[PDB]
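Participant: Plus 3 on top of the position in the sequence shown (first one is 1) and you've got the deposited numbering. Before we start, here is the structure in question, set down as structure tokens.
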Amino acid sequence: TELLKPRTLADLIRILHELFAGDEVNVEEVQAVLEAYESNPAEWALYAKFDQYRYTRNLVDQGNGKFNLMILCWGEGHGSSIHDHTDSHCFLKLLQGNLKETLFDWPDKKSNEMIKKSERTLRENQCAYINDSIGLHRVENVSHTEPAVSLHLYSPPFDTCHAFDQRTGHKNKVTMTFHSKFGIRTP
Ligand code: NA
Numbered sequence: 004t005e006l007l008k009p010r011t012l013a014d015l016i017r018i019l020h021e022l023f024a025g026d027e028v029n030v031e032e033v034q035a036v037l038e039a040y041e042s043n044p045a046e047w048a049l050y051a052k053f054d055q056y057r058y059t060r061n062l063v064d065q066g067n068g069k070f071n072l073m074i075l076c077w078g079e080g081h082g083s084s085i086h087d088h089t090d091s092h093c094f095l096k097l098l099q100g101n102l103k104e105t106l107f108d109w110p111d112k113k114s115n116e117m118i119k120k121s122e123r124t125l126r127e128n129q130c131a132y133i134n135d136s137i138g139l140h141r142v143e144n145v146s147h148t149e150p151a152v153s154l155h156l157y158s159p160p161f162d163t164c165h166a167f168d169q170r171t172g173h174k175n176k177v178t179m180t181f182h183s184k185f186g187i188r189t190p
């Protein structure tokens, strides 16, 4: 359980394999290691594949089935929907640029406008954690000038979740997809 500073992305991935070797997750240790990694753009350029119209998810590592490590690429003004995480852990670290996280409570069955518990401005190398026990959230790149890049870890992996309309609180089932896997573009 000796946590060391990841010196490279590859080194980080090797450490993460160790932390997820078991059946349980020490959230604070996983988070400390993600934060300790200093983003080196050359190490992840292979995965940072952008799309003009919306943010992309780019698979980096399947964590031997225990988690998915992915890189998300956000153009100017690109955001996600209000999402849940399908009963899994969800770590977020900024690699480049800024993202705004907005937290939302689980809604009632009564159609009502969802209200923002809070929000925070995530900056380079910072890390956020969320799970359904905590609540829901939206992630956005509100910048007009700088693309954003983040590293995400989900455990267990999930390819389906729910999106929430902020006006009613109504949820609909969504399937996630990858823009690339292992640096390979996948239609
Ligand atoms: Na959630």
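Cβ coordinates follow ideal geometry from the N, Cα and C atoms, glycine included.
Give a single yes or no on whether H81 has its beta carbon closer than 6 Å to a heavy atom of the ligand NA.
Facilitator: no
Participant: Do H155 and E104 count as a contact pair if the criterion is CB distance below 7 Å?
Facilitator: no
Participant: With distances taken from CA atoms, which of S153, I187, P159 is nearest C76?
Facilitator: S153
Participant: Does the pairing of the region 41-52 with the region 161-181 give three or more beta-carbon distances under 8 Å?
Facilitator: no
Participant: Using the Cα positions of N101 and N134, report the straight-line distance between them to the nearest angstrom.
Facilitator: 21 Å
Participant: Can you pull the DSSP bridge partners for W77?
Facilitator: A151
Participant: If we ignore side chains and look at the alpha-carbon of each, how far apart do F185 and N115 end up?
Facilitator: Rounded to whole angstroms, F185 to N115 spans 41 Å at the Cα level.
Participant: Just to check my reading of the structure: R60 and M179 have Cβ atoms closer than 8 Å, yes? What is that Cβ distance to the nearest angstrom?
Facilitator: 6 Å
Participant: What residue from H86, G25, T163, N144 has the CA that sits closest to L98's CA?
Facilitator: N144
Participant: Tell me, please, whether the region 106-121 touches the region 24-36 by the rule of three or more beta-carbon pairs shorter than 8 Å.
Facilitator: no
Participant: Is the beta carbon of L37 closer than 7 Å to that of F107?
Facilitator: no
Participant: How would the residue list near the ligand NA read, in chain order, if you kept each one whose beta-carbon is closer than 7 Å to any heavy atom?
Facilitator: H86, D87, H88, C93, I133, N134, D135, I137, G138, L139, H140
Participant: Around the Cβ of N71, are there at least 16 other Cβ atoms within 10 angstroms (buried) or fewer (exposed)?
Facilitator: buried
Participant: I'd like the span of the alpha helix (DSSP H) that includes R17, first residue to last.
Facilitator: 12-22
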